[PDB]
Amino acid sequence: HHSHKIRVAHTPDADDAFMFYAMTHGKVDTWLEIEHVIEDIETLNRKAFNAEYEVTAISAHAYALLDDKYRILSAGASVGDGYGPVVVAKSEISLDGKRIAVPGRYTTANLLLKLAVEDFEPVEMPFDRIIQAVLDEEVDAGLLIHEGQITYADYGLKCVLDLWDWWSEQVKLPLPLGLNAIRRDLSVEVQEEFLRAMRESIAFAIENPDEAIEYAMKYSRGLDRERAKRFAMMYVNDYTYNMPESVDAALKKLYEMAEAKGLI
């Protein structure tokens, strides 16, 4: 077992901690010596341009700009199906010409926004400040890629653009959001092994939602246990266990649309 020492990077989010719980607690038997690195999704999308880690989470959008050094892992993807990121505002607006706070240039949610509204002012900004900026009218609207998508109503805010409804009008397939990416220079041995450990960790979470969610709470961000389970279960299910053919088709489509508008 060569090169058995690797770095696995993922995000400080409930859905993520949930998925990785079994692995982060020695509950997964593997000969791989894994070192976890937790960082914001946009940080990983950018560091991925240097092929920093052996395995890293990464937005589908970003992946299109680094499919030369990385390939998509069958397990770990987050896919919306009847739900996904949204743009929220204090009241109903059109968004055209407006200033919208965005969590990260390379996120899939940004690519989608840039496809639905071809003329607006994207205001680069950390996710943990989008909600405040909107409520305090620092911007006209905000793009929410994390648990905001199911909690915005608590702040008296409302959805002005439902990215899933927009995507559903473009193609009839699930919505690829986050992906698990593995460097192409790793051996077949390491590739299969990590895939096995990854799948086991995901399956463990579904069979033990309360246990896995308990630890994940460290990233709940105020969400109660039920709301957190619901969020995690939204992006950690069948699609995460194994990317089906429909999701492969959806990425293909997503990319084609991006290429056709020169977004990539």
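Each residue number is its position in the shown sequence, starting from 1.
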I need to verify one thing: averaged over C-alpha atoms only, is the B-factor higher for 45-53 or for 203-211?
203-211
In the PDB record, does 168-176 or 87-95 carry the higher mean Cα temperature factor?
87-95
Max C-alpha B-factor within the set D140, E147, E124, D81 falls on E124
Taking the entry's C-alpha B-factors for this chain, is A22 in the lowest, middle or highest third?
highest
Chain thirds by Cα B factor, record data; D224 belongs to the highest
Entry-reported C-alpha B-factor of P103 relative to its chain, by third, is middle
Sorting by Cα B-factor within the chain, modelled residues only, which third would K114 end up in: lowest, middle or highest?
middle
Mind checking which third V28 falls in for C-alpha B-factor across the chain?
highest
